[PDB]
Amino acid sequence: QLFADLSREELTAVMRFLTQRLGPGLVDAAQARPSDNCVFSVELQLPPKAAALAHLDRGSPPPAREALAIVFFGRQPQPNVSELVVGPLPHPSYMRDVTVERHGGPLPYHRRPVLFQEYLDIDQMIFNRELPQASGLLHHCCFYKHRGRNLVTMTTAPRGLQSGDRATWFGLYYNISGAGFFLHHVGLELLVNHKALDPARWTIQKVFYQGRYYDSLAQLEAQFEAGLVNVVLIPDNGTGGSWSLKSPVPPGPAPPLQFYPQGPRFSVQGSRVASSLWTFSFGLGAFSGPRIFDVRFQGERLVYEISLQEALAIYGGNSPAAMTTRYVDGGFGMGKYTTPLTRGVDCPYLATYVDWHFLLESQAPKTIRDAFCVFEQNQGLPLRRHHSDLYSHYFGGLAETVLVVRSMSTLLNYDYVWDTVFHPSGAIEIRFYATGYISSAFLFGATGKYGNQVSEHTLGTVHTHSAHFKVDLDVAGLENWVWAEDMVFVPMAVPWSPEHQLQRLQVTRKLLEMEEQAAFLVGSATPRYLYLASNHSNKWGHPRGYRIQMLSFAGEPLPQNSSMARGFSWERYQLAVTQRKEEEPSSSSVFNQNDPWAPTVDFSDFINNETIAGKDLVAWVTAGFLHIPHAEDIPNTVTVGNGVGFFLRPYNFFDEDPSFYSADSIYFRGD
């Protein structure tokens, strides 16, 4: 496996190599401060596609196993963060900054994501130096006690208002046991200015309490005991979903159970899963998230790569937090926040479960058990089917059984469900669901344009979800073209009665040659049939292609007049196809999160006058939808209807529905 995420051991060797080259002033990033030199991350560095392919096809010698490590360099006059490529594994030797090379110049230190350590200091400063200045108020409303931390904080992004900032707003919640605190915002949000390399110089720029702005906790505290701050008492406990996840009702009859009568018909051999029809390797980007490479259907490779690129979530709000939150989850990392899968709930009780080794903000490799799960799910629905009683009685059909590869990313409040379905029809399905806990704020004022009240004093904040996927199809090879077929009604006379009129239905086919005419903004209509296809024809003389069908209800992307709108330019499209370049492996950056104003990676820069006619193309799909919270989002948001994504379906790629050749396919005559 050329695409097997770095191994438990491999990570160890890269780290041992680094401790040695980066000098000893290097500290474990698990407890480093702005001024320390620490290794933020180390994971698989993807091999170039050319060499990658040569190895898989000619048999040529595979490229070198490299790893990308991000190191924060605070131990220096002009601190920076840099991308260094290490290798070749398993026994490293070289190492080389690529930062400037990849991003034109030095990566500004303020863009670096917030370290685990860095968060504590913020609570440190909050629960210790700050919150006390308003204990009076707190002793009242929120049961603050002379003991501490019966409350917790929650970050938001981006940090600030213009490029170069690191000012984060933190809501305060009740530290609820065994259930989401997200639903119990105490009403207080603080704008922490944590830009200084010295935690001693961090400050509170502004405070927002139950409706109004205060310059400091003190001033607020002051006004509270002064008698001018009316407080709405927030209960610290209760019953129902708003309070617990444990269902009050005792079990009944066991829910239908899925099982393989003769055992699993697939085989996860490391990162590569192999079944009767499909074969592929899988993984998880520490930041990008789930990814699959070299997808071969019955031997033939359709896709070189289908990877998650980014996740956005723009909030509308009542308070300052909600109001400015525009999370760019990859800034946190979908791989990193991948929660272990619960056998029986997250995946069928008899699914295969795989582990995930990572080296992020730490110096020794850790593992997430059951990060992924691969299994076969009998849909209950038939793939194909036809009952004939006319002229010749017979029946032929096939009940559909699919192959799923799942993984879940729990970024703070909600959990993402990354589903990759492999159909017997040679069709590939990609879906993602947003479930778990929604982000709520304190309810005050007319609940009109920011959400609905889902529970007392708690407001479901409106927001949009949007994910981006890289779909590096290599339909029947590397050089593919984009075709756009649709329909139309041509009025014309009836050949056998020119006295009458008919609306002749015809197909409308167009070739997309320029990246632009193949980039479709969110909102505008798209061709009913859109697909990338080969230069070569399938038996009946048609270019063998694979169609791209989407399932998006995507909200409107932040207006362009927004200076951060560039931090996630991909959201403005439903789809775009470009010349898959080696210098365009990602559509977003982990750095884009903390500084969307000055994108480390701007996706719109992938679309320029270029021919997407006979080149190595890559499609970019954006799926998403508007989420106006409501009662039934308590406790968790369900997955029903909320699962968006897209399809990769063959169109004249095969000379016939291969499922014809299904072992499991059924046939008989009459009854």
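All residue numbers are counted from 1 along the displayed sequence. We call the rigid core whatever largest set of C-alpha positions still superposes within 1.5 Å between the two forms.
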- Query: Between 596 to 604 and 226 to 234, where do the CA atoms move more in 8 other deposited structures of this protein, taking the root mean square over the structures and residues after a core fit?
  - Reply: 226 to 234
- Note on the structure: Stretch farther from shown form by Cα RMS in 8 other deposited structures of this protein, picked from 447 to 455 and 120 to 128 after core fit, is 447 to 455
- Message: Compared with other deposited entries of this protein, is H146 missing coordinates in at least a third of those that cover its neighbours?
- Response: yes
- Query: Between 503 to 511 and 463 to 471, which has the larger average Cα B-factor in the PDB entry?
  - Reply: 503 to 511
- Query: If you average the CA temperature factors over each stretch, which comes out higher, 175 to 183 or 88 to 96?
  - Reply: 88 to 96
- Query: Taking the Cα B-factors listed in the entry, which of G555, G477, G289, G426 comes out highest?
  - Reply: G555
- Of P559, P382, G316, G285, which one's C-alpha B factor is largest in the deposited record? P559
- Query: Compared with the other modelled residues in the chain, in which third is the CA B-factor of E221?
  - Reply: middle
- Would you check the entry's CA temperature factor for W243 and let me know if it's in the chain's lowest, middle or highest third? highest
- Entry-reported Cα temperature factor of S662, expressed as the chain third it lands in: middle
- Query: Going by the entry, which third of its chain does the Cα temperature factor of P113 land in?
  - Reply: middle
- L359: CA B-factor among chain residues, third -> highest
